[PDB]
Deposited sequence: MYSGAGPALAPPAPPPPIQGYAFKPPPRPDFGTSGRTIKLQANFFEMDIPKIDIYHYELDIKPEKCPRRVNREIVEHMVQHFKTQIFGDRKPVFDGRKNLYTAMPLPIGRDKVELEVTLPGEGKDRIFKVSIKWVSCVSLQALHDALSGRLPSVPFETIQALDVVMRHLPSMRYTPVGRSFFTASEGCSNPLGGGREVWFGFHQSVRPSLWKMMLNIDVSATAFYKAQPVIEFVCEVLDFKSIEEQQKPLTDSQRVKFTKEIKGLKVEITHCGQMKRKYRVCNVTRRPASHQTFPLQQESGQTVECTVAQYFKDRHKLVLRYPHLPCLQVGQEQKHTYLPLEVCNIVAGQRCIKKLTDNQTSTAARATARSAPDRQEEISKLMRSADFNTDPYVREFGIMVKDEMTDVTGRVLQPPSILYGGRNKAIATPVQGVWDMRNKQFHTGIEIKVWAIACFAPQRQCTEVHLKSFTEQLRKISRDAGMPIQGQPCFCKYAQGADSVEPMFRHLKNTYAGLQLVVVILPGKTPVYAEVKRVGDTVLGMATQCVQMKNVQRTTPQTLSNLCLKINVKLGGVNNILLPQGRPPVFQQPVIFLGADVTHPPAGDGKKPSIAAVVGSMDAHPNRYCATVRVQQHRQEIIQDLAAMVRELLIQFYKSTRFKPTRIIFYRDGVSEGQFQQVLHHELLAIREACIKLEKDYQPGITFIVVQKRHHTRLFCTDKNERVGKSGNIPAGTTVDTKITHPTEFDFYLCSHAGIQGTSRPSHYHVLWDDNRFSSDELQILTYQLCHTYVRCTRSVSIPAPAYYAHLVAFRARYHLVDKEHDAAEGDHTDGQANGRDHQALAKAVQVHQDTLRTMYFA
């Protein structure tokens, strides 16, 4: 039900001086007064209600407000510094040239409760109020997008920033970060049509780009569909002065009431609202809407000291300590970043294979395959290469050499490719793949892999994967034609990493000598993530080794945009059933890693998902009562950590080193959480993964779980690196994403995977 109290802060790893974009807030101890605001009509969006309050605050200065300046939620909440005569109800107010406004007093918001909640005794309404104060004035000036703000200097990038009030130990802080987002450019639709008579293929793409967007007339209409018929032919039921309803072409209607004759009658019409039709000549896309979905990569990113400068530049630009509404309440936001002292954990040694074994020691989150080979190499006796690019643009000599080098490296990689390709084909057409794909497994018993080669963007990868893992059960490895003409000793080396484990092999295992005490008993590791598009796809992956290296995946479909997992009881049980079949043991502890859950869903996710993970254990045996560790991981937060000393920055990114852990200062005051940069930053500013532990029966310490989380990120089997999140939560992302390429019993039947592929990691 409720999260556990933080056990400790731990003492592991070397200390490092850092900075965070958390800015301390000097909060007064006065009370805040909340007022509900019911305005008619209630249909108006966020921005208009803020203008209504903005107009009535000046209008009724003598009547009700006076010296005070009120902050506005944007909907139905209004906080003030000191009380108003409005208290006890009631005032009904008009806004002149139509809105009737009602200001009703609610309750007093005591700020000391926060000053007390950070030192014993977490009132959401108080933190809800402090954000409204800081959010209010930037909402006036800039265009708000969720929590972030943006301004205006066929997509277009708008540079803005993010703002949020977050609680921390002993005090309150303000989180600010530079943010950029793609926005649909304020274009006339005719140029929006131009930038993306129309053919059915020419037309159907435009409908995908503009559906659900808002346009104006040369009113506010949200587009629903793009007509098949042009303006000169599309009709609508027009009534006449007589009363009878004749059919009228949309081109001729503008020719009568609006005196406008269309220049582009051959183009279709934007359907707005039903029964309304608008041609493309008179429509401009509404400015200020976030885009739903190379040049965008150059504007984004920058060194970590570069981003650290922009946040401080922006902190100078806003100057929150001189914000008239922040002045009214007395809040003071420090102009300096918060100094935090993190800890860099030791990376676990990694045992490789072959008779020469070896011990890879990761430095800056990287090691190499050099003078090493696989812990459990899989010698491939036979396989079938199937290139899908023509010998007009490819040649046997490529594949004669591509396999020549590939065989040479797998010889060094520990999975010796001793056989030779049973056949080597050229085949084109996504449809003819399946008939060929059927004929290859029958010709060769003990067959393993099929190296299909795919040139550029193509939906054949969807069918090669759909027919590959769900039906017949053969292994499948894809590679672009761009990588068969050019073979560097690493492009092929990362391939042998994926292929070996996809054939049941073990590329590497953590040093068992140096391992936390949670491995003294049998323990299973789970990862879950939901990817939304109609149906949301949920995947749950479970540990199968005690190393732990090999995993197994279960993926289901569920309600559109649903973040909870109802089939968690079914999937965890099925996952944990496969654990006994492979390990011969029952896992004493379940370590659940959950991804994609915001704190607004913590009480909703933990309640159901922990009960489902307990329903899974109880269906096995009446007394199978292991310990559940519920860990929500977060990568889409906004916390940033920068190095105080230039002698600790790593690479051109200037980012923090791998294994940087933070328990103090900027974490949740009472509960148990921490930020952990398991990886090293190659590009831009690193975003350290945050782990909030909602349930823990296993009685973990802060150290042991932080080291366990760090060690699991090394166990990724697709690169010689540490990664963003632990491998279970990472593998869950692949599986739910792999099910997307599998295109209502048939959907679950399409997402269901074959038995022989379910044996190991088809997804890696």
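- Residues of the deposited sequence lacking C-alpha coordinates, counted from 1, fall in the stretches 1-22, 120-126, 151-153, 186-194, 238-248, 271-276, 332-334, 355-361, 602-607, 818-838.
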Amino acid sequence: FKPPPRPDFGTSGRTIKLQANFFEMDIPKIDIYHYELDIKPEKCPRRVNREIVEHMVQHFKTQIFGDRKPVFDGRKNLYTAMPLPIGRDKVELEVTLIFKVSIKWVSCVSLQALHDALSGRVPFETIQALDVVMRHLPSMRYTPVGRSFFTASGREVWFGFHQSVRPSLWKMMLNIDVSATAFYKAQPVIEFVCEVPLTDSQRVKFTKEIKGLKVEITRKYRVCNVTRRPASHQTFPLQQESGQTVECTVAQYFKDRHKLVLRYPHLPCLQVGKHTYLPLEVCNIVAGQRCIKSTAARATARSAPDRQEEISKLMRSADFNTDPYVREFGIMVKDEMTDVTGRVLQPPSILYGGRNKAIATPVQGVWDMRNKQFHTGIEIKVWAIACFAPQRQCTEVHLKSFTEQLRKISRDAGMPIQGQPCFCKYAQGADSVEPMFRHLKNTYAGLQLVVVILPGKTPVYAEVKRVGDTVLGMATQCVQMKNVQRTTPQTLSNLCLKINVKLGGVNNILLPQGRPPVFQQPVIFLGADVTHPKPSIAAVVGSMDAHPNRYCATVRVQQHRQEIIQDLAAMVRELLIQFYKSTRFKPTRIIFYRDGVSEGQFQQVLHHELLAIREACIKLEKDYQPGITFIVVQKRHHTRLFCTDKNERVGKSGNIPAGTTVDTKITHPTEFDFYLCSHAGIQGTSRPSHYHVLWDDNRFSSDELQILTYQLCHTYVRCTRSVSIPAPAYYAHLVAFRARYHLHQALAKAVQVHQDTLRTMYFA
From here on, numbers count along this sequence of modelled residues.
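- Of the two segments, 750-758 and 14-22, the one listed with the higher mean B-factor is 750-758 (C-alpha atoms only).
- Averaged over CA atoms, B-factors in the entry run higher in 451-459 than in the other of 611-619 and 451-459.
- Considering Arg46, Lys69, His714, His733 together, the PDB entry gives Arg46 the largest C-alpha B factor.
- Based on the entry's C-alpha B-factors, the most elevated value among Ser179, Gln346, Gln252, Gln428 belongs to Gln428.
- Sorting the modelled residues of the chain by their CA temperature factor places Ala231 in the highest third.
- When all modelled residues of the chain are sorted by CA temperature factor, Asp368 is found within the middle third.
- Ranked against the other modelled residues of its chain, the C-alpha B-factor of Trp695 as given in the entry falls in the lowest third.
- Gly505: CA B factor in the middle third of modelled residues in this chain (values from the PDB entry).
- For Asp131, the recorded CA temperature factor ranks within the lowest third of the chain's modelled residues.
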